[PDB]
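Asks: 3D model of this:
(one chain, ligands or ions: 4)
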Amino acid sequence: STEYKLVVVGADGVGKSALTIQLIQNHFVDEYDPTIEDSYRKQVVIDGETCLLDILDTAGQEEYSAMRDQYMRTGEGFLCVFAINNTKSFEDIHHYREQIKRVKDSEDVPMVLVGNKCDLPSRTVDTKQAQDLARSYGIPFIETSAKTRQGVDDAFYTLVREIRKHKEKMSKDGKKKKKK
Ligand SMILES: Nc1nc2c(ncn2[C@@H]2O[C@H](COP(=O)(O)OP(=O)(O)CP(=O)(O)O)[C@@H](O)[C@H]2O)c(=O)[nH]1
Ligand SMILES: Cc1[nH]c2cc(Cl)cc(Cl)c2c1CCN
Ligand SMILES: [Mg+2]
Ligand SMILES: [Mg+2]
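Replies: Residues are numbered from 1 along each chain as shown. Ligands and ions are numbered 1, 2, ... in the order given. Let me share the structure:
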C-alpha cells in the first residue's frame, strides 16, 4: 500500500548503483558505469506491510547544484553511502547531511549511514568512527557489500523503518499540536 521515496547519495564510486541493483535485480554489477540519474521501483513486504519503494540513484558528482537540491527536497529518506576504503567519501557524509537539512529546513530527516565495500581488505575507515558518527546524528549505521550482498536488504528496510518513525513523530511532533 504505502509508498516510500528513497534517495541513494554519496561520493563517486562508493557503490550506490551496485547496492541498488543488488536490491532490485539480485546481481552484482562489476562494471563501473558513472551515474547521471536512475529511477527504480521495488515492491517489498516489511513488517507485514506492502511497501512501494521509489528509489532514486544519484550521481557521485552533480554539475548543477539545482539538480542536487531537487532530490533533497523530494526524498523522504536518504541512504548515505560511503566506501570503507575511501576516507574522502566518509568525510562527504557530513556535507550531504547538512545540505539536506538546509534544503528541508529541518533537523529531523530520516537517514541511514551505509559503509559499503566491507568485503575489501583496503579499509581506511573504521567501523567505530562510523558508528560514532551515526550515533551523533541519531541514525542507524549498517555496513554492506553489494558484491556479497551483506547488509543490503537491511540497509534499505531500516531506512523504510526510519521514515515510518519520522511520520509517527511528525504526527505527534512536536510543540505545535500534535496527536498522542
Ligand atoms: N568489492 C566491492 N566492489 C564494489 C562494491 N560496490 C561497488 N563496487 C565496485 O565499485 C565500482 C563502482 O560501483 P558503482 O555501484 O557504479 O558506484 P557508484 O557510486 O554508483 C558510481 P557513480 O558515483 O559514478 O554513480 C564498480 O566497479 C563496482 O563493481 C562492493 O560492495 N564491494
Ligand atoms: C524524477 C524523479 N524524482 C524522484 C525523487 C525521488 Cl525521492 C524518487 C524518485 Cl524514484 C524520483 C524520480 C524518478 C521518477 N520516475
Ligand atoms: Mg552510480
Ligand atoms: Mg553525490
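
Asks: Name the SS class of the residue nearest the centre of the chain, please.
Replies: Geometric centre of the chain, nearest residue: residue 79, 0.2 Å, by CA atoms, centre = their mean. For residue 79, the assignment made with DSSP: H, G, I helix; E, B strand; the rest coil gives strand.

Asks: Could you do the one 3 residues further on as well?
Replies: With three-state DSSP as the basis, the three-state label of residue 82 is strand.

Asks: now residue 16, nearest residue through space, not along the chain?
Replies: residue 8 (4.7 Å; CB to CB, 6 or more residues apart in numbering). For the C-beta atoms, the positions are set from N, CA and C on the backbone; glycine is no exception.

Asks: Ramachandran angles for residue 76?
Replies: Phi and psi for residue 76, reported as degrees, to the nearest 10, are phi -90, psi -30.

Asks: List the residues that contact it.
Replies: Residue 76 makes contact with 4, 5, 6, 110, 163, according to CB atoms under 8 Å, 6 or more residues apart in numbering.

Asks: what do you get for residue 160?
Replies: 4, 6, 46, 51, 53, 77.

Asks: Equivalent analysis for residue 113, please.
Replies: 80, 82, 93, 130, 133, 134, 137, 139, 140, 141, 142.

Asks: Let's see that with 7 Å instead.
Replies: Counting by CB atoms under 7 Å, 6 or more residues apart in numbering, residue 113 makes contact with 80, 93, 130, 133, 134, 139, 140, 141.

Asks: tell me the secondary structure for it?
Replies: Classified using three-state DSSP, residue 113 is strand.

Asks: what bridges to it?
Replies: residue 80, residue 141 (DSSP bridges).

Asks: For ligand 2, see how far away it is.
Replies: Separation of residue 113 from ligand 2 (CB to the nearest ligand atom, to the nearest Å) stands at 18 Å.

Asks: Next: residue 44.
Replies: On the measure of CB to the nearest ligand atom, residue 44 and ligand 2 end up 15 Å apart.

Asks: Give me the contact list for the helix or strand where that residue lies.
Replies: In this structure, residue 44 sits in strand 37-46 according to DSSP states H and E. By CB under 7 Å, 6+ apart, the surrounding residues in contact with strand 37-46 are 20, 23-24, 50-59, 157, 160.

Asks: Sheet partners, orientation included, of the following helix or strand past that strand?
Replies: Next helix or strand after strand 37-46 toward the C-terminus (DSSP H and E): strand 49-58. Partners of strand 49-58 in the sheet, by DSSP bridges, are strand 2-9 (parallel), strand 37-46 (antiparallel).

Asks: Next one: the residue nearest to residue 16 from residue 178, what distance?
Replies: Counting by CB to CB, to the nearest Å, the gap from residue 8 to residue 178 is 30 Å.

Asks: do residue 9 as well
Replies: In terms of CB to CB, residue 9 sits 29 Å off from residue 178.
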